[PDB]
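Following: one structure in structure tokens, then a few remarks.
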Amino acid sequence: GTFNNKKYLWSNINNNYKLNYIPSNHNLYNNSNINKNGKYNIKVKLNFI
Amino acid sequence: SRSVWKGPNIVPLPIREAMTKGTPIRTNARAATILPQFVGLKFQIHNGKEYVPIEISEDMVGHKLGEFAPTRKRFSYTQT
Amino acid sequence: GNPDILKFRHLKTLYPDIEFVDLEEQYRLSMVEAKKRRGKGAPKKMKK
Amino acid sequence: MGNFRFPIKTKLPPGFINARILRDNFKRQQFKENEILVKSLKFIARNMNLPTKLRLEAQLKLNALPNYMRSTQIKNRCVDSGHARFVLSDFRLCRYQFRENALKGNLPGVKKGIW
Amino acid sequence: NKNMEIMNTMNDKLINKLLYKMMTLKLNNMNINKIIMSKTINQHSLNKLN
RNA sequence: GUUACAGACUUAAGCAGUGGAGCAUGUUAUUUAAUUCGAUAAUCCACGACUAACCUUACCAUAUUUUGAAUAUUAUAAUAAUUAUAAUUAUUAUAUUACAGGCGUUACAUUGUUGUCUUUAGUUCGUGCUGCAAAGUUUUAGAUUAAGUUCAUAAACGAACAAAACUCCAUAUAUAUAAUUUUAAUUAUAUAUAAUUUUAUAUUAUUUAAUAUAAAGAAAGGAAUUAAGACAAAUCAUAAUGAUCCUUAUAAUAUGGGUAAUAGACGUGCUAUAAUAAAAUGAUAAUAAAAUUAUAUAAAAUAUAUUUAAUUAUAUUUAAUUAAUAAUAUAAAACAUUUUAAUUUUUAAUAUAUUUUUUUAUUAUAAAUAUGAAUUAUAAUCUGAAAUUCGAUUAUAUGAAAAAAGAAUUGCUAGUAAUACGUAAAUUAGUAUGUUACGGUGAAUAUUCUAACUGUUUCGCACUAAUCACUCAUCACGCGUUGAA
Ligand SMILES: [Mg+2]
Ligand SMILES: [Mg+2]
Ligand SMILES: [Mg+2]
Ligand SMILES: [Mg+2]
Ligand SMILES: [Mg+2]
Ligand SMILES: [Mg+2]
Ligand SMILES: [Mg+2]
Ligand SMILES: [Mg+2]
Ligand SMILES: [Mg+2]
Ligand SMILES: [Mg+2]
Ligand SMILES: [Mg+2]
Ligand SMILES: [Mg+2]
Ligand SMILES: [Mg+2]
Ligand SMILES: [Mg+2]
Ligand SMILES: [Mg+2]
Ligand SMILES: [Mg+2]
Ligand SMILES: [Mg+2]
Ligand SMILES: [Mg+2]
Ligand SMILES: [Mg+2]
Ligand SMILES: [Mg+2]
Ligand SMILES: [Mg+2]
Ligand SMILES: [Mg+2]
Ligand SMILES: [Mg+2]
Ligand SMILES: [Mg+2]
Ligand SMILES: [Mg+2]
Ligand SMILES: [Mg+2]
Ligand SMILES: [Mg+2]
Ligand SMILES: [Mg+2]
Ligand SMILES: [Mg+2]
Ligand SMILES: [Mg+2]
Ligand SMILES: [Mg+2]
Ligand SMILES: [Mg+2]
């Protein structure tokens, strides 16, 4: 899909920033389980129109 | 205590036994002010590594014990 | 902090019915077992 | 002795434990315990009006107090990690650790300093 | 009092870990159903925490 | 170790500096019982470290701990809470093993994060089309922009991560709220609106685009965001984890010492080398902003240094406020009078006079200061339990070097640089020449030539873990085969 939001692009509603660095619509996270080989992690990032 | 009021910097020592019988006082204090009550007592003041033997003269009365046990070795350069 | 805080030990005390699993502890135990298996276990401690 | 590192049996702090942290915490507890006493001794020592022998005795007592009674000995550690450099008092955290927490949203309000 | 606020947020963080620990169950060493949970959000009103 | 264009603090102007001096701080080297460990081309060197007396610390000397910080297993015993003298539980104690623990080693095992290329403009997917095909087109013939943003053209048409935009600060306007004693309404803060400005006349080049002029507007910046890839770039010392090694020791605690050692060297700074510049003074207290004060901010006033008093520094003692209310805190340069050696370019004795805080005459006034503040001596004070190694003030003395700095080299185009302009906080019990922040006053200059380094491009390519690439021959070591003799 896409990570830009087109509701903010052509309307009165403006985008806002969570902790002044994450576009409101975005939500980012990671979780780092240990393996036999060692450490690894899994970033996820969703957009939500 | 440096300031004239509230001084001197006093520490507990085996002083009276040294006075009775010449047994050197092995100090690891180094911040105890020398007093008039111990001039002519043998001190063995710590140097970090090894205890240093000193006989306290009347010129030392104002000073700290650690001032007479120099911790670092005298610097030199290996001219190579 | 507050030293009396709930721990995994207690999560057995409060709720015996629920068979909980502390994951980090279990992992550690598995690692220890693996070490024992391949001759890399801890040496037996001296008592004297 | 064997069963504990320090003289007094103190509890472990919750969350991140470390040897240095343990050492600090115990010290803080002992300071808290023997705060009033130390103050009283100090007062007795630094007195022009009181008998001199008494003030000397108080000074000796203060000198003989252990490592763990000393207020000056306390050092603000990070609570999340166990670091002791650039430890901000408003969230008892180390510099990097604070930043990590801040960006996540653990310090509720903290946020990026945009101006 | 910011000290108190700090103590509260520490507590909250500690509770999160506890909750995470709780979330994984066992059923007579047969099935280990790992319930995934989000990071908790703690709402501190004057009256009550939620 | 290649073409070609375009770009900017790249260069050129310009302003201030570094490079010389002394000090501060980091690094190196060497020293040391230990000088803990890492960072060490751009992309290390007031960096990790927003404060090394003890502690922090990891290092060293000497002491002393050995299931220790955890979790679980197995037993004896003791205390407390609950119930209606017994029991259930929770804990503690003594042990008991598995272990715990490790700033030990490897960021050439990792995570996360960060630096540099980089706010640079690149980095790719559906459908269609081209090529037997890997692939190509799209993603560019032009041009332009800050720009893979755009119009011209094109077998393409759309679509993503970047760019831009939304965001924050600041600005202008409107509305709301504040009984205008928490007032600063000249404010603060929520919610809007506002511009990546618009319009028209002309003059050049081809309906548009740059210049100029005009009328309409408060309309002009900064911050965050720094893609893909790469550099086996940095970090196992924020933290965590793989493997590996230590387990009476490479784990744990105390007392002291060290991290502050000093030949030479290297960065960053600070203070200087005096008159387009330094010092005294300036109470109807000339003019700020931003931020801190329950691990506090400390006002007024008294006392001593100090015959008046003010200043500055301590002590005495806490008024007020945990804060639009009180305190830190009368901002400072500015501007004004005075003084200022080098300077017989001045002074003081006489006269002198329509230059009188002054003039003229005649007499005598003969390379570091009345610059600088290193270095040291003594006395006090501050913090702390403790100031010797090893902290910060004040006083009385001490008064090095340094005469605007070689080749070379750093930052900066505007509220920027500059400033002998000050102010605040983070880290502290205590110490900023550092860091992060705030206002004050406020400039000079300007693009064409060449080095570099980024885009994209030309040509080449035997490289594809992709130039730390690939790769050629002798010589040296073994085991065959076939010649000559
Ligand atoms: Mg130049
Ligand atoms: Mg030189
Ligand atoms: Mg110099
Ligand atoms: Mg290491
Ligand atoms: Mg080093
Ligand atoms: Mg130590
Ligand atoms: Mg282990
Ligand atoms: Mg260690
Ligand atoms: Mg990494
Ligand atoms: Mg390394
Ligand atoms: Mg292509
Ligand atoms: Mg391209
Ligand atoms: Mg943008
Ligand atoms: Mg008003
Ligand atoms: Mg990138
Ligand atoms: Mg490497
Ligand atoms: Mg690397
Ligand atoms: Mg590791
Ligand atoms: Mg660790
Ligand atoms: Mg050890
Ligand atoms: Mg250092
Ligand atoms: Mg620097
Ligand atoms: Mg001057
Ligand atoms: Mg006052
Ligand atoms: Mg006030
Ligand atoms: Mg004033
Ligand atoms: Mg000279
Ligand atoms: Mg001077
Ligand atoms: Mg001066
Ligand atoms: Mg401290
Ligand atoms: Mg300024
Ligand atoms: Mg271009």
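Letters for chains follow the order of the structure tokens (A, B, ...), residue numbers begin at 1 for each chain, and ligand numbers begin at 1 in the order shown.
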Determine, counting only C-alpha atoms (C1' of nucleotides), which protein, DNA and RNA residues have an atom within 8 Å of an atom of region 325-332 of chain F; residues of the same chain fewer than 2 positions away are not included. Present the result as a PDB file with N, CA, C and O atoms (P, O5', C5', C4', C3', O3' and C1' of nucleotides), in the first residue's frame.
```pdb
ATOM      1  P     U F 182      -4.586  38.732  41.958  1.00  0.00           P
ATOM      2  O5'   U F 182      -3.206  38.373  42.672  1.00  0.00           O
ATOM      3  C5'   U F 182      -1.962  39.033  42.339  1.00  0.00           C
ATOM      4  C4'   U F 182      -1.183  38.233  41.316  1.00  0.00           C
ATOM      5  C3'   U F 182      -1.461  38.584  39.851  1.00  0.00           C
ATOM      6  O3'   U F 182      -0.330  39.143  39.166  1.00  0.00           O
ATOM      7  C1'   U F 182      -1.315  36.214  40.228  1.00  0.00           C
ATOM      8  P     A F 285      13.718  56.180  37.941  1.00  0.00           P
ATOM      9  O5'   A F 285      15.264  55.802  37.891  1.00  0.00           O
ATOM     10  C5'   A F 285      15.867  55.075  38.977  1.00  0.00           C
ATOM     11  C4'   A F 285      17.214  54.526  38.574  1.00  0.00           C
ATOM     12  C3'   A F 285      17.183  53.175  37.863  1.00  0.00           C
ATOM     13  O3'   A F 285      18.312  53.079  36.999  1.00  0.00           O
ATOM     14  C1'   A F 285      18.251  52.929  39.947  1.00  0.00           C
ATOM     15  P     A F 288      12.425  47.204  29.139  1.00  0.00           P
ATOM     16  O5'   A F 288      12.343  45.672  28.708  1.00  0.00           O
ATOM     17  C5'   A F 288      13.300  44.698  29.173  1.00  0.00           C
ATOM     18  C4'   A F 288      13.799  43.871  28.011  1.00  0.00           C
ATOM     19  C3'   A F 288      13.435  42.389  28.033  1.00  0.00           C
ATOM     20  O3'   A F 288      12.150  42.180  27.451  1.00  0.00           O
ATOM     21  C1'   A F 288      15.744  42.633  27.581  1.00  0.00           C
ATOM     22  P     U F 292      12.392  25.455  33.229  1.00  0.00           P
ATOM     23  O5'   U F 292      13.070  25.777  34.635  1.00  0.00           O
ATOM     24  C5'   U F 292      14.192  25.009  35.106  1.00  0.00           C
ATOM     25  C4'   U F 292      14.751  25.591  36.385  1.00  0.00           C
ATOM     26  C3'   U F 292      13.892  25.461  37.629  1.00  0.00           C
ATOM     27  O3'   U F 292      13.897  24.138  38.160  1.00  0.00           O
ATOM     28  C1'   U F 292      14.850  27.618  37.555  1.00  0.00           C
ATOM     29  P     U F 293      12.628  23.591  38.977  1.00  0.00           P
ATOM     30  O5'   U F 293      12.757  24.326  40.384  1.00  0.00           O
ATOM     31  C5'   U F 293      13.921  24.150  41.211  1.00  0.00           C
ATOM     32  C4'   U F 293      13.927  25.139  42.353  1.00  0.00           C
ATOM     33  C3'   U F 293      12.698  25.164  43.247  1.00  0.00           C
ATOM     34  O3'   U F 293      12.646  24.072  44.166  1.00  0.00           O
ATOM     35  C1'   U F 293      13.331  27.381  42.733  1.00  0.00           C
ATOM     36  P     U F 297      19.070  25.979  46.467  1.00  0.00           P
ATOM     37  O5'   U F 297      18.032  27.073  45.948  1.00  0.00           O
ATOM     38  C5'   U F 297      17.897  27.406  44.549  1.00  0.00           C
ATOM     39  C4'   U F 297      17.139  28.706  44.366  1.00  0.00           C
ATOM     40  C3'   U F 297      17.780  29.950  44.960  1.00  0.00           C
ATOM     41  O3'   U F 297      18.787  30.459  44.089  1.00  0.00           O
ATOM     42  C1'   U F 297      15.459  29.920  45.471  1.00  0.00           C
ATOM     43  P     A F 298      20.068  31.202  44.695  1.00  0.00           P
ATOM     44  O5'   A F 298      19.417  32.348  45.589  1.00  0.00           O
ATOM     45  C5'   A F 298      19.612  32.398  47.014  1.00  0.00           C
ATOM     46  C4'   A F 298      18.520  33.214  47.660  1.00  0.00           C
ATOM     47  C3'   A F 298      18.984  34.163  48.761  1.00  0.00           C
ATOM     48  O3'   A F 298      19.376  35.399  48.173  1.00  0.00           O
ATOM     49  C1'   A F 298      17.226  32.808  49.578  1.00  0.00           C
ATOM     50  P     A F 299      19.821  36.641  49.085  1.00  0.00           P
ATOM     51  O5'   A F 299      18.501  37.531  49.127  1.00  0.00           O
ATOM     52  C5'   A F 299      17.813  37.889  47.914  1.00  0.00           C
ATOM     53  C4'   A F 299      16.668  38.826  48.215  1.00  0.00           C
ATOM     54  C3'   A F 299      17.021  40.050  49.052  1.00  0.00           C
ATOM     55  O3'   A F 299      17.572  41.054  48.206  1.00  0.00           O
ATOM     56  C1'   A F 299      15.093  39.011  49.945  1.00  0.00           C
ATOM     57  P     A F 320       7.252  35.001  55.720  1.00  0.00           P
ATOM     58  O5'   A F 320       6.996  35.203  54.159  1.00  0.00           O
ATOM     59  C5'   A F 320       6.429  36.412  53.612  1.00  0.00           C
ATOM     60  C4'   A F 320       6.642  36.477  52.113  1.00  0.00           C
ATOM     61  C3'   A F 320       6.281  35.219  51.331  1.00  0.00           C
ATOM     62  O3'   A F 320       4.888  35.259  51.037  1.00  0.00           O
ATOM     63  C1'   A F 320       8.451  35.918  50.711  1.00  0.00           C
ATOM     64  P     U F 321       4.071  33.906  50.827  1.00  0.00           P
ATOM     65  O5'   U F 321       4.767  33.277  49.542  1.00  0.00           O
ATOM     66  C5'   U F 321       4.614  33.853  48.231  1.00  0.00           C
ATOM     67  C4'   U F 321       5.157  32.904  47.192  1.00  0.00           C
ATOM     68  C3'   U F 321       4.798  31.444  47.413  1.00  0.00           C
ATOM     69  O3'   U F 321       3.492  31.224  46.890  1.00  0.00           O
ATOM     70  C1'   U F 321       7.116  31.635  46.934  1.00  0.00           C
ATOM     71  P     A F 323       3.401  26.018  42.833  1.00  0.00           P
ATOM     72  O5'   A F 323       3.446  27.601  43.023  1.00  0.00           O
ATOM     73  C5'   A F 323       2.368  28.462  42.591  1.00  0.00           C
ATOM     74  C4'   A F 323       2.917  29.611  41.777  1.00  0.00           C
ATOM     75  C3'   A F 323       3.592  29.196  40.469  1.00  0.00           C
ATOM     76  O3'   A F 323       2.754  28.883  39.343  1.00  0.00           O
ATOM     77  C1'   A F 323       5.044  30.612  41.712  1.00  0.00           C
ATOM     78  P     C F 421      32.467  45.060  25.771  1.00  0.00           P
ATOM     79  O5'   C F 421      31.719  43.658  25.675  1.00  0.00           O
ATOM     80  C5'   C F 421      30.618  43.455  24.783  1.00  0.00           C
ATOM     81  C4'   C F 421      29.329  43.524  25.556  1.00  0.00           C
ATOM     82  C3'   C F 421      29.144  42.471  26.638  1.00  0.00           C
ATOM     83  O3'   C F 421      29.723  42.889  27.875  1.00  0.00           O
ATOM     84  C1'   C F 421      27.212  42.567  25.271  1.00  0.00           C
ATOM     85  P     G F 422      30.240  41.813  28.963  1.00  0.00           P
ATOM     86  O5'   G F 422      29.190  41.969  30.154  1.00  0.00           O
ATOM     87  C5'   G F 422      28.597  40.834  30.828  1.00  0.00           C
ATOM     88  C4'   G F 422      27.093  40.959  30.799  1.00  0.00           C
ATOM     89  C3'   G F 422      26.300  39.762  31.303  1.00  0.00           C
ATOM     90  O3'   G F 422      26.156  39.775  32.722  1.00  0.00           O
ATOM     91  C1'   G F 422      25.453  40.425  29.205  1.00  0.00           C
ATOM     92  P     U F 423      26.037  38.398  33.542  1.00  0.00           P
ATOM     93  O5'   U F 423      24.614  37.835  33.101  1.00  0.00           O
ATOM     94  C5'   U F 423      23.399  38.472  33.536  1.00  0.00           C
ATOM     95  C4'   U F 423      22.183  37.757  32.994  1.00  0.00           C
ATOM     96  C3'   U F 423      22.076  36.270  33.290  1.00  0.00           C
ATOM     97  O3'   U F 423      21.677  36.022  34.636  1.00  0.00           O
ATOM     98  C1'   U F 423      21.548  36.642  31.027  1.00  0.00           C
TER      99        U F 423
END
```
Next item on the list: Run DSSP on the backbone and give me the residues of chain B it puts in alpha helix (DSSP H), as a PyMOL selection string.
Entry: chain B and resi 15-20
Could you write those residues out with N, CA and C atoms, as a compact mmCIF listing (two decimals), in the first residue's frame?
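again-v5.txt written:
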```txt
# COMPACT_ATOMS: atom_id res chain seq x y z
N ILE B 15 48.04 6.42 69.56
CA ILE B 15 49.02 7.47 69.87
C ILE B 15 49.68 7.22 71.22
N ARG B 16 48.85 6.95 72.23
CA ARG B 16 49.34 6.83 73.60
C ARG B 16 50.29 5.64 73.77
N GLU B 17 49.98 4.53 73.10
CA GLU B 17 50.84 3.34 73.11
C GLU B 17 52.20 3.60 72.45
N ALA B 18 52.18 4.37 71.36
CA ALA B 18 53.40 4.80 70.66
C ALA B 18 54.26 5.69 71.55
N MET B 19 53.60 6.58 72.28
CA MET B 19 54.25 7.48 73.23
C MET B 19 54.92 6.73 74.38
N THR B 20 54.22 5.72 74.90
CA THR B 20 54.75 4.87 75.98
C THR B 20 55.96 4.06 75.52
```
Compute the chain D side of the contact with chain E at 12 Å, counting only C-alpha atoms, and hand it back as a short mmCIF file (atom, residue, chain, number, x, y, z; two decimals) with N, CA, C and O atoms, in the first residue's frame.
```cif
data_model
loop_
_atom_site.label_atom_id
_atom_site.label_comp_id
_atom_site.auth_asym_id
_atom_site.auth_seq_id
_atom_site.Cartn_x
_atom_site.Cartn_y
_atom_site.Cartn_z
N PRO D 13 15.86 -3.25 44.70
CA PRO D 13 14.92 -2.35 44.04
C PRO D 13 14.23 -3.06 42.87
O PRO D 13 14.81 -3.97 42.28
N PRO D 14 12.99 -2.64 42.55
CA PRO D 14 12.25 -3.32 41.49
C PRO D 14 12.78 -2.96 40.11
O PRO D 14 13.40 -1.91 39.93
N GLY D 15 12.55 -3.85 39.14
CA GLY D 15 13.01 -3.64 37.78
C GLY D 15 14.49 -3.96 37.63
O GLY D 15 14.94 -5.02 38.06
N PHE D 16 15.24 -3.03 37.03
CA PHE D 16 16.63 -3.28 36.65
C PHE D 16 17.57 -3.25 37.85
O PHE D 16 17.79 -2.20 38.46
N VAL D 79 17.85 4.53 36.30
CA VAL D 79 16.97 3.52 36.89
C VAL D 79 16.63 2.41 35.89
O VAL D 79 16.56 1.24 36.27
N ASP D 80 16.43 2.78 34.62
CA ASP D 80 16.12 1.80 33.57
C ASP D 80 17.34 0.95 33.22
O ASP D 80 17.25 -0.28 33.20
N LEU D 88 19.64 12.47 34.12
CA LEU D 88 18.70 13.58 34.27
C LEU D 88 17.81 13.30 35.48
O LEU D 88 17.29 12.19 35.61
N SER D 89 17.65 14.29 36.36
CA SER D 89 16.91 14.09 37.62
C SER D 89 15.39 14.04 37.44
O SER D 89 14.70 13.41 38.25
N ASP D 90 14.87 14.68 36.40
CA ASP D 90 13.42 14.79 36.17
C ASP D 90 12.78 13.50 35.67
O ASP D 90 11.56 13.35 35.71
N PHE D 91 13.61 12.61 35.13
CA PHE D 91 13.23 11.22 34.87
C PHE D 91 14.53 10.47 35.13
O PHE D 91 15.47 10.60 34.35
N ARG D 92 14.59 9.70 36.21
CA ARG D 92 15.86 9.15 36.70
C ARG D 92 16.44 8.14 35.71
O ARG D 92 16.42 6.93 35.93
N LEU D 93 16.96 8.69 34.61
CA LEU D 93 17.37 7.93 33.44
C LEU D 93 18.66 8.51 32.87
O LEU D 93 18.92 9.71 32.99
N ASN D 101 13.27 6.20 25.74
CA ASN D 101 11.98 6.24 26.43
C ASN D 101 11.08 7.35 25.90
O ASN D 101 9.88 7.15 25.70
N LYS D 104 9.64 6.64 22.39
CA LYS D 104 8.57 5.64 22.57
C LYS D 104 7.26 6.24 23.08
O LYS D 104 6.19 5.88 22.60
N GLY D 105 7.37 7.16 24.04
CA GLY D 105 6.22 7.75 24.73
C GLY D 105 6.03 7.29 26.17
O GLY D 105 4.93 7.42 26.71
N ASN D 106 7.09 6.77 26.79
CA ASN D 106 7.05 6.39 28.20
C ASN D 106 7.04 7.58 29.18
O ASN D 106 6.57 7.43 30.31
N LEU D 107 7.59 8.72 28.80
CA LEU D 107 7.59 9.82 29.74
C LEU D 107 6.39 10.71 29.49
O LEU D 107 6.51 11.93 29.54
N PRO D 108 5.26 10.08 29.21
CA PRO D 108 3.98 10.77 28.95
C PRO D 108 4.04 11.99 28.02
O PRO D 108 3.67 11.88 26.85
N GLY D 109 4.48 13.13 28.53
CA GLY D 109 4.57 14.34 27.74
C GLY D 109 5.85 14.55 26.95
O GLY D 109 5.78 14.90 25.77
#
```
Item checked: Picked from region 13-67 of chain B by DSSP as strand (DSSP E), as a ChimeraX atom specification -> /B:42-45,52-55
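Among the candidates F:390, F:294, F:484, F:472, the one nearest to chain E when counting only C-alpha atoms (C1' of nucleotides) is F:294.
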Next item on the list: Please provide as a PyMOL selection string all residues within 7 Å of region 65-78 of chain B, with the sequence filter that same-chain residues fewer than 3 positions apart are discarded (counting only C-alpha atoms (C1' of nucleotides)).
Entry: (chain B and resi 30-34+45-48+52) or (chain F and resi 30-32+257+261-263+388-389)
Can you write out the residues you just picked, keeping C-alpha atoms (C1' of nucleotides), as a PDB file, in the first residue's frame?
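Result file result-v4.pdb:
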```pdb
ATOM      1  CA  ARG B  30      46.783  10.838  54.851  1.00  0.00           C
ATOM      2  CA  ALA B  31      44.277  13.646  55.682  1.00  0.00           C
ATOM      3  CA  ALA B  32      44.919  13.817  59.456  1.00  0.00           C
ATOM      4  CA  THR B  33      46.502  17.105  60.537  1.00  0.00           C
ATOM      5  CA  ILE B  34      49.758  16.688  62.443  1.00  0.00           C
ATOM      6  CA  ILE B  45      52.004   6.717  56.385  1.00  0.00           C
ATOM      7  CA  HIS B  46      50.347   4.973  53.417  1.00  0.00           C
ATOM      8  CA  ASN B  47      51.490   5.763  49.859  1.00  0.00           C
ATOM      9  CA  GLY B  48      48.825   3.816  47.961  1.00  0.00           C
ATOM     10  CA  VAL B  52      56.340   5.145  54.367  1.00  0.00           C
TER      11      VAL B  52
ATOM     12  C1'   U F  30      56.656   8.083  27.484  1.00  0.00           C
ATOM     13  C1'   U F  31      56.327   7.180  32.692  1.00  0.00           C
ATOM     14  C1'   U F  32      53.808   4.492  36.554  1.00  0.00           C
ATOM     15  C1'   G F 257      46.343   5.501  45.799  1.00  0.00           C
ATOM     16  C1'   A F 261      51.958  11.546  36.232  1.00  0.00           C
ATOM     17  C1'   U F 262      55.489  15.102  32.123  1.00  0.00           C
ATOM     18  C1'   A F 263      60.793  15.195  27.296  1.00  0.00           C
ATOM     19  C1'   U F 388      48.005  15.944  51.086  1.00  0.00           C
ATOM     20  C1'   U F 389      48.190  13.808  46.327  1.00  0.00           C
TER      21        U F 389
END
```
Within-9 Å residues of ligand 3, basis only C-alpha atoms (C1' of nucleotides) and all ligand atoms, as a PDB file with N, CA and C atoms (P, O5', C5', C4', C3', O3' and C1' of nucleotides), in the first residue's frame:
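Contents of the output file result-v4.pdb:
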```pdb
ATOM      1  P     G F  19      46.594  29.549  18.146  1.00  0.00           P
ATOM      2  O5'   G F  19      47.442  29.151  16.858  1.00  0.00           O
ATOM      3  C5'   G F  19      47.627  27.777  16.465  1.00  0.00           C
ATOM      4  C4'   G F  19      48.597  27.698  15.312  1.00  0.00           C
ATOM      5  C3'   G F  19      49.908  28.445  15.495  1.00  0.00           C
ATOM      6  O3'   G F  19      50.819  27.685  16.285  1.00  0.00           O
ATOM      7  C1'   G F  19      49.014  28.930  13.359  1.00  0.00           C
ATOM      8  P     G F  20      51.140  28.123  17.798  1.00  0.00           P
ATOM      9  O5'   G F  20      51.936  29.489  17.614  1.00  0.00           O
ATOM     10  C5'   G F  20      53.190  29.539  16.905  1.00  0.00           C
ATOM     11  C4'   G F  20      54.087  30.617  17.475  1.00  0.00           C
ATOM     12  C3'   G F  20      53.921  30.927  18.959  1.00  0.00           C
ATOM     13  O3'   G F  20      54.768  30.107  19.758  1.00  0.00           O
ATOM     14  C1'   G F  20      53.651  32.913  17.728  1.00  0.00           C
ATOM     15  P     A F  21      54.243  29.527  21.158  1.00  0.00           P
ATOM     16  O5'   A F  21      53.984  30.845  22.015  1.00  0.00           O
ATOM     17  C5'   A F  21      55.081  31.672  22.453  1.00  0.00           C
ATOM     18  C4'   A F  21      54.622  32.673  23.487  1.00  0.00           C
ATOM     19  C3'   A F  21      53.859  32.104  24.678  1.00  0.00           C
ATOM     20  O3'   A F  21      54.794  31.689  25.672  1.00  0.00           O
ATOM     21  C1'   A F  21      52.706  33.987  23.813  1.00  0.00           C
ATOM     22  P     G F  22      54.893  30.154  26.126  1.00  0.00           P
ATOM     23  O5'   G F  22      53.835  30.069  27.314  1.00  0.00           O
ATOM     24  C5'   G F  22      54.144  30.616  28.610  1.00  0.00           C
ATOM     25  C4'   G F  22      52.929  31.267  29.226  1.00  0.00           C
ATOM     26  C3'   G F  22      51.814  30.336  29.672  1.00  0.00           C
ATOM     27  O3'   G F  22      52.135  29.646  30.877  1.00  0.00           O
ATOM     28  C1'   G F  22      50.879  32.183  28.551  1.00  0.00           C
TER      29        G F  22
END
```
Note to self: Give me, as a ChimeraX atom specification, the set of residues whose atoms come within 10 Å of any atom of ligand 15, counting only C-alpha atoms (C1' of nucleotides) and all ligand atoms.
What the structure shows: /F:117-118,123,162,226-230
Next item on the list: Using only C-alpha atoms, select each residue of chain B with any atom at most 8 Å away from an atom of chain D, and give the selection as a PyMOL selection string.
Entry: chain B and resi 6+10-12
Item checked: Å distance separating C1' of residue 161 (chain F) from CA of residue 8 (chain A), one decimal place -> 18.7 Å
Next item on the list: Write out as a ChimeraX atom specification which residues come within 12 Å of residue 33 (chain D) when counting only C-alpha atoms (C1' of nucleotides), dropping same-chain ones fewer than 2 positions away.
Entry: /D:8,10,26-31,35-39,68-71
Next item on the list: Let me have all residues with an atom within 8 Å of ligand 10, counting only C-alpha atoms (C1' of nucleotides) and all ligand atoms, laid out as a PyMOL selection string.
Entry: chain F and resi 38+107+234-235
Note to self: I want to know what sits within 10 Å of residue 32 (chain E), based on only C-alpha atoms (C1' of nucleotides), with residues of the same chain fewer than 6 positions away left out; could you give that as an MDAnalysis selection string?
What the structure shows: (chainID C and resid 19:21) or (chainID E and resid 24:26)
Those residues with N, CA, C and O atoms, as a JSON list (two decimals), in the first residue's frame please?
```
[["chain", "number", "residue", "atom", "x", "y", "z"],
["C", 19, "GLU", "N", -1.71, -21.66, 35.50],
["C", 19, "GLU", "CA", -0.33, -22.12, 35.31],
["C", 19, "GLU", "C", 0.42, -21.14, 34.41],
["C", 19, "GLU", "O", 0.50, -21.34, 33.19],
["C", 20, "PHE", "N", 0.95, -20.08, 35.02],
["C", 20, "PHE", "CA", 1.70, -19.05, 34.29],
["C", 20, "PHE", "C", 3.06, -19.56, 33.82],
["C", 20, "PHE", "O", 3.57, -20.58, 34.31],
["C", 21, "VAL", "N", 3.64, -18.83, 32.87],
["C", 21, "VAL", "CA", 4.98, -19.12, 32.34],
["C", 21, "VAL", "C", 5.79, -17.83, 32.30],
["C", 21, "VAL", "O", 5.41, -16.88, 31.61],
["E", 24, "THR", "N", 1.22, -14.99, 29.13],
["E", 24, "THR", "CA", 1.47, -16.36, 28.64],
["E", 24, "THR", "C", 1.02, -17.40, 29.66],
["E", 24, "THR", "O", 1.44, -17.36, 30.82],
["E", 25, "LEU", "N", 0.16, -18.33, 29.22],
["E", 25, "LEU", "CA", -0.35, -19.42, 30.07],
["E", 25, "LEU", "C", 0.14, -20.79, 29.61],
["E", 25, "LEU", "O", 0.74, -20.93, 28.54],
["E", 26, "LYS", "N", -0.12, -21.79, 30.45],
["E", 26, "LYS", "CA", 0.19, -23.20, 30.17],
["E", 26, "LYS", "C", -1.03, -24.05, 30.54],
["E", 26, "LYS", "O", -1.79, -23.67, 31.43]]
```
Next item on the list: Hey, list the chain C side of the contact with chain F: 12 Å cut-off, only C-alpha atoms (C1' of nucleotides), answer as number ranges by chain.
Entry: C: 7-10, 13-14, 22-29, 31-33, 35-36, 40-48
